[PDB]
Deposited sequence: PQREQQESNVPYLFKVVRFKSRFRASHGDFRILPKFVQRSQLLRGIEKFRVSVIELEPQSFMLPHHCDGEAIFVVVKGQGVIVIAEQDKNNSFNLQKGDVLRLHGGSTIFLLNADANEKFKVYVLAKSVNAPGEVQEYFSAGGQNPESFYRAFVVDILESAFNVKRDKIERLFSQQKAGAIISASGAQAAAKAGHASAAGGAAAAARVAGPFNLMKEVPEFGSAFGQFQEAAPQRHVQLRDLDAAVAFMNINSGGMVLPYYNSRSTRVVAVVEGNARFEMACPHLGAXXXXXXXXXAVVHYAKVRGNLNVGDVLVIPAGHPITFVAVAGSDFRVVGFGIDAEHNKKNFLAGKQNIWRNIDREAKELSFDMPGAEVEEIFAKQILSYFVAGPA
């Protein structure tokens, strides 16, 4: 596994900036099928990262993809402008927001020191996997799409003399993410509901955050929390989930597999060693290829459904990731070792036949791990 050969691994440097901005960046990973047809089952999805430096503003624009924004660091204000409604939310770490495709948005990082980072999942509605940005704001740089219209049409549309309206669209030359003044920050944020306050909603609801809830799976060595479409209606159309997994330093998540959901995992903190069992790269008779590697901040690992996987935190940091789940509804985590695992639900005689060893002996071995989900890693 020279890593560029592991098709499920997408190193951080593979994310491509969509523009050159002074106060931040917006970078997107290539289509998942760029180097392998093994990922054709998730071809319509793209993941990206939005970074805003302190005291910055990202210009109004919309995308042709249905998105889910997850704040991984800092605080920022998102304002959404529809044809007949305005919504603004003050987002914080852990917030999850479903953004309808075609929503014109702008972002503001009002903090004086901390960067605002968002991990984004988008699903195409035009050609599979193609998601583009449409800058309504802008002029020469970023180019505003209004410049695609002839001057007589702009004049008639805006009821403004052509030279004046043309001029409006050529004043901006600073780029897509620029400096915001302290006043401007106060002004643009301020109608923004701060933990959320969706409205007593219909179309665009506010963010939700699960970081204060009890983990679905947890132990002294790690935690797993997930926003499922079963619980959050805003995620049903995309049939996506947003998972948060943290493995404490020196810990590991016990081998497990997802029953039907493919996960696009992005590292937000730390480092980890991963090992996955893949029958495709390996395998008439089936053979499981040992797909392994190391993950660093910003890297992405796609975990296909049904594939056994384990992550081992390395060095002196907890290892934290945000995972987007595709085909999420009805997905179940199946652990392969630990007190709570699938073998708890397999009878003794079946274990004996499974491993050609006395059933009580197989059970004795499977009961040695008294902990579940996350345990101390090798050392």
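Numbering from 1, run down the deposited sequence and write out every stretch that has no C-alpha in the structure.
-> Deposited residues absent from the model fall in 1-4, 288-296.
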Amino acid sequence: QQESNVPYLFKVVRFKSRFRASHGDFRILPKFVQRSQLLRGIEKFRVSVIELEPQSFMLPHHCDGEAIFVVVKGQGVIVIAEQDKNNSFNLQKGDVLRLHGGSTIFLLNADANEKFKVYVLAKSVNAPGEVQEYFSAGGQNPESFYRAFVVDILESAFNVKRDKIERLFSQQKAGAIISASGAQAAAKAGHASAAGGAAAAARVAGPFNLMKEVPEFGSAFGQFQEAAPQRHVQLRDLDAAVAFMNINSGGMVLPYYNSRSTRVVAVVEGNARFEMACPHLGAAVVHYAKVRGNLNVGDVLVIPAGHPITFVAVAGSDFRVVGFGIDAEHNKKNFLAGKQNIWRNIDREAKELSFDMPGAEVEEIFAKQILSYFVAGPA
From here on, numbers count along this sequence of modelled residues.
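Review point. Going by the B-factors listed in the PDB entry, is the mean over the C-alpha atoms higher for 165-173 or for 301-309?
Key: The recorded data point to 165-173.
| query | Taking only the CA atoms, which stretch has the higher mean B-factor in the record, 98-106 or 148-156? | reply | It is 148-156.
Top Cα B factor in the deposited entry, candidates 277, 247, 205, 242: Out of 277, 247, 205, 242, the record gives the largest C-alpha B-factor to 205.
Report task. Go through 186, 238, 137, 125 one by one and give the residue whose Cα B-factor in the PDB entry is largest. Result -> If I rank 186, 238, 137, 125 by C-alpha B-factor, first place goes to 186.
Ranked against its chain, the third holding the CA B-factor of residue 30: Answer is lowest: the recorded C-alpha B-factor places it there.
Review point. Among the modelled residues of its chain, does the C-alpha B-factor of residue 293 lie in the lowest, middle or highest third?
Key: It belongs to the middle third of the chain when residues are ordered by C-alpha B-factor.
task: Would you please rank residue 334 by its C-alpha temperature factor against the other modelled residues of its chain and give the third it falls in: lowest, middle or highest?
output: For residue 334, the deposited C-alpha B-factor lands in the lowest third.
- Taking the entry's C-alpha B-factors for this chain, is residue 21 in the lowest, middle or highest third? It belongs to the lowest third of the chain when residues are ordered by C-alpha B-factor.
Determine, from the deposited record, the chain-internal third of the Cα B-factor for residue 54: lowest, middle or highest. Middle third - that is where residue 54 ends up once the chain's C-alpha B-factors are sorted.
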